[PDB]
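Top to bottom, those sequences are chains B, D, L and X. Residue 1173 in our numbering sits at position 1 of the first sequence, with consecutive numbering throughout. Residue 312 in our numbering sits at position 9 of the second sequence, with consecutive numbering throughout. Residue 486 in our numbering sits at position 482 of the third sequence, with consecutive numbering throughout. Residue 46 in our numbering sits at position 51 of the fourth sequence, with consecutive numbering throughout. Report on the structure given below.
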Amino acid sequence: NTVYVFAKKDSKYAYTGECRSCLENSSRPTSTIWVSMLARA
Amino acid sequence: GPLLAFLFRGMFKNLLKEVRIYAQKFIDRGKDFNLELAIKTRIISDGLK
Amino acid sequence: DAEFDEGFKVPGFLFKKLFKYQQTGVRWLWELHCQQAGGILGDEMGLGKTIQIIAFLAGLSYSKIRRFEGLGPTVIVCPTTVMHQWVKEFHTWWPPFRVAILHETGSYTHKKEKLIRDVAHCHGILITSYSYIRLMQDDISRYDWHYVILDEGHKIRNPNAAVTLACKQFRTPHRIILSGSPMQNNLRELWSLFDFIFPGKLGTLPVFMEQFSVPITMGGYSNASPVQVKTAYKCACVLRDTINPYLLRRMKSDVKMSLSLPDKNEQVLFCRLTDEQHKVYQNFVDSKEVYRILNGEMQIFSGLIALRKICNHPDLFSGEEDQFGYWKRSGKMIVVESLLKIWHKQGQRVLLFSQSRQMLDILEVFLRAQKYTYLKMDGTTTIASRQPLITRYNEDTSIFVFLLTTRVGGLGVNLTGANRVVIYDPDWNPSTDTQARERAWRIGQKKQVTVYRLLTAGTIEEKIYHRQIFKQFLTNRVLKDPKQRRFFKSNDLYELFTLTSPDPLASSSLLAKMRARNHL
Amino acid sequence: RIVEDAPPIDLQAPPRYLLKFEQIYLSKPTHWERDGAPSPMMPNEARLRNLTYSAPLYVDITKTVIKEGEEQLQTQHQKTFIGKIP
RNA sequence: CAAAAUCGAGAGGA
DNA sequence: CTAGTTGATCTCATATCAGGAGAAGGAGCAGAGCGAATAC
DNA sequence: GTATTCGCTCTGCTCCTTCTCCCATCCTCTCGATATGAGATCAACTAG
Ligand SMILES: Nc1ncnc2c1ncn2[C@@H]1O[C@H](COP(=O)(O)OP(=O)(O)O)[C@@H](O)[C@H]1O
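Structural data, given as structure tokens:
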């Protein structure tokens, strides 16, 4: 449930900020979502 | 706590699906069905064990 | 001489001996030959079919009808038990035919392959057993045969048996099957049969299951829903329509008056376990092995076989006058002793059947304990001696009782000489019981016969009886009518291990019929 | 939380059945002999006998049949054994 | 006269 | 020579994410050069 | 009749995607999981 911006040096994305979301009650597994920024109109 | 609840959640889901199967076959045959035969208790017992 | 549609002439004297139903059957069979399709003779056991086939073949050869001029090299697959009967009937009715046996007994005394070749080049009627076909399938299936008559072909009900695949190799379209019971366990037997005679008619096997086996079978259960019952009824009507032309099934109910048979009785006896036998049964059903089986751990064969043995007799634990298999230790044997006494005092000839060879041996020992004149036959007896023994027993009335294993005792043998029949031990396949009890009430039976089927009440035998009752219900649901009442005496589950001892159409008819089909 | 989160399974041919679960219980750990007599089992006996030190979980189910015409009846089978928890 | 299985997991030692 | 018995064998039948690196194959583009082919 | 193109071919360059192999040695221990018989043939008897 917290947003983490990482970057993989050998990669096609300049960045990627994931959020391994999960409803606090153990209702379903965590559903991750990424919000990236394509590498280097 | 969290690990064992991960197991219980999965195994309870499987109990519920199996009870659906059992209830469904006997209801399809037009007959009622007993819970105590629907609930294959060994699922949770042997899964956790 | 009887004249058929196109050119089929049978000699008049030969036609005369035939009854009405048999000549009707001959006409039907030649019509089948005209279409170039196979067929099944559904006439019940003993209505007389070898006569029908012999008459048709003799007429065809006599008619010189048009590869083959008239009759080509045929083959008759028959069980070993009736082979010399077949030869005798061919010689009696049509002695012109050359009938040569392919058997170890045989009449050749040389290489068999030479015999098959000679019969093929001689337009002879080669008779053989299923075993040679299974073994010699290479050699048999190369000679451009004409007919492949299967006597008691119901052996082929196993679709994937080696014999089945072996006999399904002959390329001729004229395939004949002789069996009064061409379905014994379930619809798959019917499927394999119509696979052999007419490969296309019913669809491929899985299609056949989905299309008829499920809607038909599942609709007969006690718990069947009314809509499902109507569905099964519809499908059964459709299937009977489909297969109608290729089964000719006359009962011994519409021909009895035109055939002058004596009366028959179907009394079923519900035996009581003896104290020792009851104790053994109670002990075994309380054992751990049955508990393991009910838990699915072990194969169900062993427990069922043990229960059958117990009910037949406490031979598991061989307990003077206490020798192995002593008659007073099994209630069925006491009742049998009583009936044998009564019938011997009544001067009647009895027929004694059993499923298992060992109980047949115990019964033989008990008969030796009595003074009754017996005469026994099982798979052990040499085949060459079997038909002579049948002739003997049908000849002299001195022999009081006749011992048989049902797997050879039934199956096309004529035992009109006997008067009384007792079925000691039931089986899973009711067709076995029907064939056994029909060994007596046949053409030529000059005395009233009565059937006595023995079941130990409240035991495994009662449950097997229920199962085979359900089986006759399934079969009659399609062979006799589609309005069969649902089986209700048992739910047929795996609680038979328990002991419960007592005490041109004008486009309007077509539309209307089709609507009727759709409103079920 | 898991039990009351699990959705009720409405199955029907017609008669329909949801099989609702609402409450749990845990009895103290117990052992049943071959005869089946429930007795209290201490950890030392479990270790010496190679058993499992566990407690039986009970849920009080509530099944309602709804076929037609408001033919509703709440069937509740109190203390329905589900499993054993270590 | 030689009697005593295999496959996975884990913890260790130098 | 020649019928009867004994064993072995075989068939059928019974219910119910925090690898990587290097080779191989095909892909798409790019231009060179030569057959004919228009055309001055 | 030779420029002149030109289309077609024929390499052949990059460039990407696919696929396939490899990961120190030796040693000790524990623990959990992973039928039954009827019948027919045939061959050797087993005697006549
Ligand atoms: N018209 C007939 N004339 C003489 N014998 C007949 C006649 N019809 C039937 N039989 C005899 O009835 C007996 C049973 O017939 P068969 O075909 O051998 O058994 P199944 O009817 O079960 O097929 C046979 O012995 C047959 O010779």
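Yeah, the Cβ is synthetic: ideal placement off N, Cα and C, and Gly gets one too.
- Taking a C-beta cut-off of 8 Å against chain L, the contacting residues of the region 316 to 333 of chain D are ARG332 and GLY333, listed in chain order.
- Looking at the DSSP output, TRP1206/B bridges to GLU1190/B.
- Uninterrupted beta strand (DSSP E) stretches at least 3 residues long and entirely within the region 334 to 382 of chain L occur at 354 to 358, given in chain order.
- Excluding the 5 residues flanking it on each side, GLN359/L has same chain C-beta neighbours closer than 6 Å at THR410, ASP429 and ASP431, in chain order.
- Judged by DSSP in its simplified three-state form, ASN433/L adopts coil rather than helix or strand.
- Under the 10 Å beta carbon count, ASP0/X is surrounded by fewer than 16 other beta carbons and is classified as exposed.
- The residues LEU106, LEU130, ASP143, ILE144 and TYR147, in chain order, have a CB closer than 7 Å to that of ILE120/L in the same chain once the five nearest residues on each side in sequence are set aside.
- What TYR20/X touches in chain D, judged by beta-carbon distance under 7 Å, is nothing: the nearest beta carbon there is about 14 Å away.
- Residue contact check for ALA228/L against chain D: a CB pair falls below 9 Å.
- DSSP, read as helix, strand or coil, puts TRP90/L in helix.
- Relative to the non-hydrogen atoms of ligand 1, the Cβ of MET49/L comes within a distance shorter than 8 Å of at least one.
- Excluding its 5 nearest sequence neighbours in each direction, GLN26/L has C-beta neighbours in its own chain below 8 Å: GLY52, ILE55, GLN56 and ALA59, listed in chain order.
- Put simply, the region 40 to 47 of chain X does not touch the region 6 to 20 of chain X. Fewer than three CB pairs are less than 8 Å apart.
- Comparing alpha carbon positions, the residue from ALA510/L, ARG353/L, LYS487/L and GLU35/L closest to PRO249/L is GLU35/L.
- In the displayed model, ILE19/X falls within a strand according to three-state DSSP.
- For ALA104/L, the enclosing beta strand (DSSP E) covers residues 103 to 106.
- Contact annotation, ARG276/L with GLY335/L: C-beta distance approximately 5 Å; criterion of less than 8 Å satisfied.
- Using a CB distance cut-off of 9 Å, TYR225/L counts as an interface residue toward chain D.
- The three-state reading of DSSP puts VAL259/L in coil, since its state is none of H, G, I, E or B.
- Taking all protein chains in view, the Cβ of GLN73/X is surrounded by fewer than 16 other Cβ atoms within 10 Å, so the residue is classified as exposed.
- Taking a 10 Å sphere around the C-beta of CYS315/L, we find 16 or more other C-beta atoms and assign the residue as buried.
- Note that the C-beta distance between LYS380/L and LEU364/L is below 9 Å.
- Taking 9 Å as the CB threshold, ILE4/X lines the interface with chain D.
- Judged by DSSP secondary structure, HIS282/L falls outside any beta strand (DSSP E) and instead within the alpha helix (DSSP H) spanning 279 to 289.
- Of the other Cβ atoms in all chains shown, 16 or more fall within 10 Å of the Cβ of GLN188/L; this residue is therefore buried.
- When only Cα atoms are considered, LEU33/L and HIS127/L end up about 20 Å apart.
- At least one heavy atom of ligand 1 lies closer than 8 Å to the C-beta of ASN418/L.
- Secondary structure of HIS95/L (DSSP, three-state): helix.
- Boundaries for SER34/X: no alpha helix (DSSP H) harbours it, while the beta strand (DSSP E) harbouring it runs 33 to 35, taken from the DSSP string.
- With a 10 Å radius around the Cβ and a threshold of 16 neighbouring Cβ atoms, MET37/X comes out exposed.
- At least one beta carbon of chain D lies nearer than 9 Å to the beta carbon of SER49/X.
- The contact set of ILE56/X on chain D, defined by CB atoms closer than 7 Å, consists of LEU338 in chain order.
- It is roughly 26 Å from the alpha-carbon of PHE477/L to the alpha-carbon of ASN164/L.
- Sequence-distant partners of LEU483/L (beyond 5 residues in either direction) whose C-beta falls short of 7 Å from its own C-beta, in its chain, are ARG253.
- For the 9 Å CB-CB criterion, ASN418/L and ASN433/L do not form a contact.
- By the Cβ test, the region 450 to 457 of chain L is not in contact with the region 209 to 224 of chain L, since fewer than three Cβ pairs between them sit closer than 8 Å.
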